[PDB]
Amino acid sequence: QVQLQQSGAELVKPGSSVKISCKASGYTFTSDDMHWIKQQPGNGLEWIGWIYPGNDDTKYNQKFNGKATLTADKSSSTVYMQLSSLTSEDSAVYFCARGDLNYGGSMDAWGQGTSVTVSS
């Protein structure tokens, strides 16, 4: 029943910005965390940050400070991540995942991923 629907893939030039949406359903939106994860092609997983839509508290990986910005819309039950000043290192697949605060914030539910491609 729990579903996370991300926006479609995007292709942009370096220096541009993109805003990835993640719409949650099947659970109470403001009672859990939303995590964002980056996977570079042929590489592993890297944790970006989490946002708690209840009070809009956020925590970022210091590596992504200024790069990624998390926001949330409670009316639409959708979390947004904005990526700016895109470089070749920013080309990757980006996942949103629900941190379930009943089980310690472990991420059971994941979105299908959004492919961001930076090319000139």
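One-based numbering along the sequence shown.
#### Entry: 76-84 or 38-46, whichever carries the higher mean Cα B-factor
Higher of the two, by average CA B-factor, is 38-46.
### Task
Divide the modelled residues of the chain into thirds by Cα B-factor and specify which third, lowest, middle or highest, holds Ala24.
It belongs to the highest third of the chain when residues are ordered by C-alpha B-factor.
### Record-listed C-alpha B factor of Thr58: chain third
Bottom third by C-alpha B-factor.
### Task
Comparing against every modelled residue in the chain, figure out the third that the C-alpha B-factor of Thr71 lands in (lowest, middle or highest).
Lowest third - that is where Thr71 ends up once the chain's C-alpha B-factors are sorted.
### Message
Quick check on the deposited entry: does the C-alpha B-factor of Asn102 sit in the lowest, middle or highest third of its chain?
### Response
According to the entry, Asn102 has a C-alpha B-factor in the chain's middle third.
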